[PDB]
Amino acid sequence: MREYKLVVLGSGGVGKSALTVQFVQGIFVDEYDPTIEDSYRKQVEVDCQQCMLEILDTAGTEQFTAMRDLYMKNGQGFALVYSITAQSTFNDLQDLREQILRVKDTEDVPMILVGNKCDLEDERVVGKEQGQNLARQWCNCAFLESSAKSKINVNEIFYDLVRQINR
């Protein structure tokens, strides 16, 4: 069956691990344990079809920065995650988009922009339309707001990357 190498990218504390663990294991990770390296695998039914997903959950460190193009070169699909409760993590993503297109020698790279923590509406400091604007700017990039805690749009992140890959 087809394997899908996915890569989860974004600043510290935005929910990259919580999203990935919710997806693969169906549990919510409550406490913040900064990631050094972690990979996960999951076989999934996409549309109606067998897909092996390997998900690389990345650190926000100098070491990841020094390896990043390697993760990009090898990855087939990218979730770029920020938190709606933390402005700097949204401003940090632009760089990541342009680099992926640089490394892949194309603008048609499977990608999704993910505003996570949508259950924390009272703490929101980045607008929904504000994320939709950034995605639009990125050549009509896929966009979701998600919650690893409420399980809103979690599977959809990975299924949309697999559907993107398939096209």
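Start at 1 with the first residue shown and count on from there.
- Averaged over their C-alpha atoms, the temperature factors of 60 to 68 and 33 to 41 are higher for 60 to 68.
- Two stretches are in play, 91 to 99 and 74 to 82, and the higher mean C-alpha B-factor belongs to 91 to 99.
- Among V126, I55, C51, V114, the highest C-alpha B-factor recorded in the PDB entry belongs to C51.
- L120 sits in the lowest third of its chain by CA B factor, as recorded in the PDB entry.
- In this PDB entry, the Cα temperature factor of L161 sits in the middle third of its chain's modelled residues.
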